[PDB]
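Below is one structure, written out as structure tokens, with a few remarks after it.
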Amino acid sequence: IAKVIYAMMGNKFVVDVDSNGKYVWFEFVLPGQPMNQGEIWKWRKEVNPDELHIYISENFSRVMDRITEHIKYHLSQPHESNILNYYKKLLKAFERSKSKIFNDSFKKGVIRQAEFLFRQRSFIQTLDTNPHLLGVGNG
Amino acid sequence: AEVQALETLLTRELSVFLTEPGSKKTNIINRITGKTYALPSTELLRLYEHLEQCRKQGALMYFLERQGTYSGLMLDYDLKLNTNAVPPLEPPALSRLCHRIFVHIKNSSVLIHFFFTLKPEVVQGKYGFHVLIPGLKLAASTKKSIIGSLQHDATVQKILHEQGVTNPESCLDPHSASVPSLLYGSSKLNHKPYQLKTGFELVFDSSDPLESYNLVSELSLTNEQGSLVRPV
């Protein structure tokens, strides 16, 4: 799940280690979302990636039920004993595991695993190093 | 369990067949989400069959269709009876109605399967009637002339009077042929879908004046290649 999440939004979140050895999440603010005044079009510190939790709970269901529909369609066609046993067992196991994504401990584990994938070496010390760029309220 | 084929079809095969909601090229429209489609005959008959299996098991559907330059005869009757007692549509009454519409359409362009459906009743305003005649294709101002003639018709008034109907006229909407209709089995908002009582057939001569068919496909106005019915 962490790899799929990184595949779909590996460009909006980064993780780096601070001076205290604590992982820190950064989010790239885009227009049209709740946010303070003046941080548009620039990164911001995130103590806890709430947007990541909301996304993994809401938009992942799209791929989940899409693949469920694909399995159902593939089961529709007639074949040998494979459709009678293997696809049925796979569908049962998958529908059993579908509800996991709404659990809290599962989400925490997924986030902790994705911390490794979203890691970007040499990000904190290269932050705000360009003297010719000055962040303002419009960008 | 079945009906899933319908959403899979709509999302995958029918997705490429997008039509403008306000465009007149569309033929099949669903009012659930305001989707308008202009599909060719293939997926048309496919969705007809699918809706047939759905109606075999049940459920409620809200599909619509609009009559184009060529279509059959679909009419709506707002029979607001005085009392909520069923006047069962006897074969003589249906024969009288068929003969009256026959003689009404004789004095027009000429070169027939008759399908009758009614309300499940138990409702204020009593029931209504929707006769469907998809044999011919004369969707033009002649349909408006026929609508006016039936509005001025008196035999159907006494035919309804024989059934104890206090609404001899005004049941047929003047815009019957100029508004979209619904396929058989398409229910109304908070209303049970209609049921068929009997389906008969006959033939017209240019000189001398049921569970064995795909009923949705046959009754479709835009389905020229139906089996039971033919595009006269």
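Each chain in the structure tokens gets a letter, A, B and so on, in the order shown; residues start at 1 in every chain, and ligands are counted from 1 in the order they appear.
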Closest contacts (chain B/chain A, max 9 Å, only C-alpha atoms) as a tab-separated table:
residue	atom	partner	partner_atom	distance
B:4	CA	A:69	CA	8.8
B:5	CA	A:73	CA	8.3
B:8	CA	A:69	CA	7.7
Keeping only N, CA and C atoms, write the selected residues as a compact mmCIF listing (two decimals), in the first residue's frame.
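New file selection_1.txt:
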# COMPACT_ATOMS: atom_id res chain seq x y z
N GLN B 4 -24.80 -6.11 -12.31
CA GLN B 4 -23.42 -5.63 -12.32
C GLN B 4 -22.90 -5.51 -13.75
N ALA B 5 -23.39 -6.38 -14.64
CA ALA B 5 -23.04 -6.28 -16.05
C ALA B 5 -23.42 -4.92 -16.61
N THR B 8 -20.83 -2.31 -15.44
CA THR B 8 -19.57 -2.58 -16.12
C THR B 8 -19.65 -2.13 -17.58
### Query
Neighbours of region 208-215 of chain B within 10 Å (only C-alpha atoms; same-chain residues fewer than 4 positions away dropped), as a PyMOL selection string?
chain B and resi 45+48-49+52-53+102-103+106+115+184+196+198-200+204+219-220+226-229
Keeping only N, CA, C and O atoms, write those residues as a CSV table (one decimal), in the first residue's frame.
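Okay, this is what ended up in selection-v4.csv:
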chain,number,residue,atom,x,y,z
B,45,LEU,N,-29.5,-3.0,-28.4
B,45,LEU,CA,-30.1,-4.3,-28.1
B,45,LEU,C,-29.5,-5.0,-26.9
B,45,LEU,O,-30.2,-5.7,-26.2
B,48,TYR,N,-31.1,-3.4,-24.0
B,48,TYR,CA,-32.5,-4.0,-23.9
B,48,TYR,C,-32.5,-5.3,-23.2
B,48,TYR,O,-33.3,-5.6,-22.3
B,49,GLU,N,-31.6,-6.2,-23.7
B,49,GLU,CA,-31.6,-7.6,-23.1
B,49,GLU,C,-31.2,-7.5,-21.6
B,49,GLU,O,-31.8,-8.1,-20.8
B,52,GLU,N,-33.9,-6.5,-19.6
B,52,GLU,CA,-34.9,-7.6,-19.5
B,52,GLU,C,-34.5,-8.6,-18.4
B,52,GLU,O,-35.3,-9.0,-17.6
B,53,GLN,N,-33.2,-9.0,-18.3
B,53,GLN,CA,-32.8,-9.8,-17.2
B,53,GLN,C,-33.0,-9.1,-15.9
B,53,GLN,O,-33.3,-9.8,-14.9
B,102,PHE,N,-57.1,2.6,-35.4
B,102,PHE,CA,-56.9,2.1,-36.7
B,102,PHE,C,-57.6,3.1,-37.7
B,102,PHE,O,-57.0,3.6,-38.6
B,103,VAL,N,-58.9,3.3,-37.4
B,103,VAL,CA,-59.7,4.2,-38.3
B,103,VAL,C,-59.2,5.7,-38.2
B,103,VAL,O,-59.4,6.5,-39.2
B,106,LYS,N,-56.2,5.6,-40.6
B,106,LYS,CA,-56.4,5.3,-42.0
B,106,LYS,C,-56.3,6.5,-42.9
B,106,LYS,O,-55.7,6.5,-44.0
B,115,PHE,N,-49.5,-3.7,-27.7
B,115,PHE,CA,-49.1,-4.0,-26.4
B,115,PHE,C,-49.8,-3.1,-25.4
B,115,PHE,O,-49.8,-1.8,-25.7
B,184,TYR,N,-40.5,0.2,-21.3
B,184,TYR,CA,-41.3,-0.7,-20.4
B,184,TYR,C,-40.5,-1.2,-19.3
B,184,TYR,O,-39.4,-1.7,-19.5
B,196,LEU,N,-47.9,-5.5,-17.7
B,196,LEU,CA,-48.6,-5.8,-19.0
B,196,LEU,C,-49.8,-6.7,-18.7
B,196,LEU,O,-49.7,-7.7,-17.9
B,198,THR,N,-52.1,-7.9,-21.5
B,198,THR,CA,-52.2,-8.8,-22.6
B,198,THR,C,-51.5,-8.1,-23.8
B,198,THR,O,-51.6,-6.9,-24.0
B,199,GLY,N,-50.9,-9.0,-24.7
B,199,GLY,CA,-50.3,-8.5,-25.9
B,199,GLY,C,-50.8,-9.2,-27.1
B,199,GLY,O,-50.5,-10.4,-27.3
B,200,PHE,N,-51.5,-8.5,-28.0
B,200,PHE,CA,-52.1,-9.1,-29.2
B,200,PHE,C,-51.5,-8.5,-30.4
B,200,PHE,O,-50.6,-7.7,-30.3
B,204,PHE,N,-52.8,-4.8,-41.1
B,204,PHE,CA,-53.6,-3.9,-41.9
B,204,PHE,C,-53.4,-4.2,-43.4
B,204,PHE,O,-52.2,-4.5,-43.8
B,219,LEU,N,-40.4,-3.7,-28.0
B,219,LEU,CA,-41.1,-2.5,-27.8
B,219,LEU,C,-40.4,-1.2,-27.9
B,219,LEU,O,-41.0,-0.1,-27.9
B,220,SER,N,-39.0,-1.3,-28.2
B,220,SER,CA,-38.2,-0.1,-28.3
B,220,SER,C,-38.6,0.6,-29.6
B,220,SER,O,-38.8,0.0,-30.7
B,226,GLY,N,-36.0,-5.6,-34.5
B,226,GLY,CA,-36.7,-6.5,-33.6
B,226,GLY,C,-37.2,-7.7,-34.3
B,226,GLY,O,-37.5,-7.8,-35.5
B,227,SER,N,-37.4,-8.8,-33.5
B,227,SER,CA,-37.8,-10.1,-34.0
B,227,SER,C,-39.4,-10.1,-34.1
B,227,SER,O,-39.9,-10.3,-35.2
B,228,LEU,N,-40.1,-9.9,-33.0
B,228,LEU,CA,-41.5,-10.0,-33.0
B,228,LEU,C,-42.1,-8.9,-33.9
B,228,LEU,O,-43.1,-9.1,-34.6
B,229,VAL,N,-41.6,-7.7,-33.7
B,229,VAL,CA,-42.1,-6.5,-34.5
B,229,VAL,C,-41.2,-6.3,-35.7
B,229,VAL,O,-40.1,-6.7,-35.7
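Considering the residues B:143, B:24, B:175, B:46 and counting only C-alpha atoms, residue 101 (chain B) has its shortest atom-to-atom contact with B:143.
Reported to one decimal place, the separation of CA of residue 67 (chain A) from CA of residue 101 (chain A) is 14.8 Å.
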### Query
Could you pull out the strand (DSSP E or B) residues of region 38-211 of chain B from DSSP and send them as an MDAnalysis selection string?
chainID B and resid 61 63:65 73:74 77 113:118 129:133 172 181 186 195:201
### Message
Give me the residues near residue 49 (chain A) as a ChimeraX atom specification, where near means some atom within 9 Å (using only C-alpha atoms) and where sequence neighbours in that chain fewer than 4 positions away do not count.
### Response
/A:13,25-27,53-54,111
Those same residues - C-alpha atoms - I'd like them written as a short mmCIF file (atom, residue, chain, number, x, y, z; two decimals), in the first residue's frame.
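Contents of the output file out04.cif:
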data_model
loop_
_atom_site.label_atom_id
_atom_site.label_comp_id
_atom_site.auth_asym_id
_atom_site.auth_seq_id
_atom_site.Cartn_x
_atom_site.Cartn_y
_atom_site.Cartn_z
CA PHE A 13 5.35 14.84 0.05
CA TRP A 25 6.92 15.48 6.78
CA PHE A 26 6.69 18.36 4.30
CA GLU A 27 3.70 19.11 2.07
CA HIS A 53 -4.55 9.58 5.96
CA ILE A 54 -7.57 11.21 4.32
CA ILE A 111 2.69 5.63 7.09
#
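Between CA of residue 193 (chain B) and CA of residue 130 (chain B) lies a distance of 12.3 Å.
For the pair CA of residue 180 (chain B) and CA of residue 71 (chain B), the separation is 11.5 Å.
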### Task
From chain A, collect each residue whose DSSP state is alpha helix (DSSP H) and return the set as an MDAnalysis selection string.
chainID A and resid 2:9 50:58 60:76 81:98 104:117
### Query
Can you tell me, as a ChimeraX atom specification, what residues are no more than 12 Å from residue 133 (chain A) when counting only C-alpha atoms, ignoring any on the same chain fewer than 6 positions away?
/A:42,127,139
Those residues with C-alpha atoms, as a compact mmCIF listing (two decimals), in the first residue's frame please?
# COMPACT_ATOMS: atom_id res chain seq x y z
CA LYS A 42 5.70 26.66 -1.24
CA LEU A 127 16.23 24.38 2.16
CA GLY A 139 4.61 32.78 -4.23
